[PDB]
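Trainee: sequence unavailable; structure follows:
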Ligand code: HEM
Ligand SMILES: CC(=O)[C@@]1(O)CC[C@H]2[C@@H]3CCC4=CC(=O)CC[C@]4(C)[C@H]3CC[C@@]21C
């Protein structure tokens, strides 16, 4: 009993792949097989099927596949995000996860506060001007992850311009069609590809960045004490966990931690531009509690619910990452053979009317206490949960909390920014370019 096979091939060509995938549940239910590219792959479109796979049968669906680009990004050192589930992988995740949690425990909260403080002051420079916020949230969250991974040396040797430019190049190349098409149609590897050589140049530049940073930490490090995440990770190292593991864990922190959180922030802005009743309510809630520390989260319940909603309705990683079946198993009473690739449709699953009534509507009050509905999972779940989720949820709180108290968000000009996501971009859910006006005071 395999999951039902949906007819057709090259479904890839559909714009809004996660919303098209939700469309096939019409005939085939939450769990079905379909041919993306050449390959047969099962897709999950419900919170039940996703949690049943990822949480319940924990180890059965914790793997990753290995198409061309996965090998290509990690020819020197092992990658964490694209690494298959093993003992060595589990230690890999544990270390970098302890680096985020314990390593920067005292500094994570102040680094965020201070950097977003300077963001608001840069916003201050042009009071009426329409601002291309997207890039400004991108520089913020990139600076934050850089400072927390690499330390003081960033604003000293003035490394932020060159690092941002590198981090951006790397993701932007990799997620583009000319590179992604090779993972699904692997015979295309033999036909010449400028794109893949644009990628190799980006890999080379990111590897030079991380490695120079790695040397400089090693030579200055103190045996008991840790300044940032690389200090912590270097110290918990040396199938043993090597310095190559640290190198890639930094790569995953950098690339994983800019565009994801920054775009979520951008989406929140667009939603508030469409909902100025909510903006005022949020502002008036902030006025009633001169910053709010992250320790005082409970004290802003509507703000938290608004963040939860942004995550529900617009998850920035809408298809998560592909999963691989580690041993023969089953989801929803269908036989799942070993090595079959699983696509966890998070955007689709959050649009379920079974779970979230009026599921297409930006409705923050939905997450408020009477009859509160089930928690969304924009960060995924199980063994493969987003590594930088704590850092992200902090960044989201501090940045919106300070933007709203210090400013009012007005539309760029006459018409509100398009809420519809860019069509062919699935990897990162990005919105159509927009400007916003920031006017003191909230
Ligand atoms: C709103 C912000 C963010 C969202 C919605 C988000 C979402 C996700 C999702 C859905 C996955 C894949 C889950 C799966 O494979 O089942 C993921 C993986 C990951 N994320 Fe994030 N993420 C966010 C921010 C960050 C940040 C800030 C970092 C790092 C600083 C980060 C690092 C990672 C890493 C390293 C993985 C791979 C983990 C693994 O493969 O097990 N993410 N994230
Ligand atoms: C949310 C997500 O999925 C992530 O942001 C979390 C981890 C991210 C990896 C990290 C390493 C990497 C190395 C490269 O040189 C190309 C781009 C990737 C594959 C990069 C893309 C986006 C990922 C997959």
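Mentor: Received the coordinates, thanks. Residues are numbered from 1 along each chain as shown. Ligands and ions are numbered 1, 2, ... in the order given.

Trainee: near ligand 2, which residues of the stretch 201-350 of the chain?
Mentor: 203, 251-252, 255-256, 260, 317, 321 (Cβ under 6 Å from any ligand atom). For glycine as for every other residue, the C-beta is placed from the backbone atoms N, C-alpha and C.

Trainee: got a list of what the residue lying closest to residue 404 once chain neighbours are set aside touches?
Mentor: With sequence-adjacent residues excluded and distances taken as Cβ to Cβ, 6 or more residues apart in numbering, residue 404 is closest to residue 442, at 5.1 Å. By Cβ atoms under 8 Å, 6 or more residues apart in numbering, the contact list for residue 442 reads 283, 286-287, 404-408.

Trainee: can you pick out the most distant pair from those?
Mentor: The span of those, defined through Cβ to Cβ, is set by 287 and 407 at 13.5 Å.

Trainee: for those two, indicate the residue with more neighbours.
Mentor: Using other Cβ atoms under 10 Å, the more surrounded residue of residue 287 and residue 407 is residue 407, with 20 against 10.

Trainee: for the residue of the chain found nearest ligand 2, grab phi and psi.
Mentor: Closest to ligand 2 within the chain is residue 256: 3.2 Å, counting by Cβ to the nearest ligand atom. Torsion angles at residue 256 (phi, psi; degrees, to the nearest 10) stand at phi -70, psi -20.

Trainee: go ahead and confirm residue 302 touches residue 363.
Mentor: No: assessed by Cβ atoms under 8 Å, residue 302 is found out of contact with residue 363, at 12.0 Å.

Trainee: what's the overlap in contacts for those two?
Mentor: By Cβ under 8 Å, 6+ apart, no residue touches both residue 302 and residue 363.

Trainee: for the residue of the stretch 1-150 of the chain found nearest ligand 1, which three-state class applies?
Mentor: The nearest approach of the stretch 1-150 of the chain to ligand 1 comes at residue 81, 3.6 Å away (Cβ to the nearest ligand atom). Classification of residue 81 using DSSP: H, G, I helix; E, B strand; the rest coil returns coil.

Trainee: once you drop chain neighbours, what's closest to it?
Mentor: Per Cβ to Cβ, 6+ apart, closest to residue 81 is residue 252, 4.9 Å.

Trainee: gap between residue 245 and residue 207?
Mentor: In this view, residue 245 and residue 207 are 14 Å apart by Cβ to Cβ, to the nearest Å.

Trainee: of the two, who's got more company?
Mentor: Set residue 245 next to residue 207 and count neighbours by other Cβ under 10 Å: residue 245 wins out with 25 against 16.

Trainee: in what helix or strand does that one lie?
Mentor: helix 243-256 (DSSP states H and E).

Trainee: give the buried residues for that helix.
Mentor: By neighbour count with 16 or more other Cβ atoms under 10 Å, helix 243-256 contains the buried residues 245-256.

Trainee: cool, and stretch 46-55?
Mentor: 46-54.

Trainee: likewise for stretch 83-94?
Mentor: 83, 85, 89, 91-93.

Trainee: also stretch 99-116?
Mentor: 99-100, 103-104, 107-108, 111-112, 115-116.

Trainee: restrict the residues you listed to those near ligand 2?
Mentor: Checking those against ligand 2 (Cβ under 6 Å from any ligand atom), there are no matches.

Trainee: right, and the helix or strand after the helix or strand harbouring residue 277?
Mentor: Using DSSP H and E, residue 277 falls within helix 276-288. Remark: after helix 276-288, the chain's next helix or strand is helix 301-313, criterion DSSP H and E.

Trainee: distance from the chain centre to the lengthiest helix in the chain, please.
Mentor: The single longest helix within the chain, with elements called by DSSP state H, is helix 196-220. Centre-to-centre, helix 196-220 and its host chain are 22 Å apart (Cα atoms, centre = their mean, to the nearest Å).

Trainee: and that helix with helix 243-256, angle?
Mentor: Relative orientation of helix 196-220 versus helix 243-256 (axes from the mean of the first three to the mean of the last three Cα atoms, to 10 degrees): 120 degrees.

Trainee: which helices and strands sit right next to helix 196-220?
Mentor: When contacts are defined as 3 or more Cβ pairs under 8 Å, 6 or more residues apart in numbering; DSSP states H and E, helix 196-220 sits against helix 68-72, helix 160-175, helix 177-184, helix 229-235, helix 243-256.

Trainee: okay, these in JSON lines with distance to ligand 1 next?
Mentor: JSON lines is the format used below for these (distance: least, Cβ to the nearest ligand atom, whole Å):
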{"stretch": "helix 68-72", "distance to ligand 1": "11"}
{"stretch": "helix 160-175", "distance to ligand 1": "11"}
{"stretch": "helix 177-184", "distance to ligand 1": "15"}
{"stretch": "helix 229-235", "distance to ligand 1": "9"}
{"stretch": "helix 243-256", "distance to ligand 1": "3"}
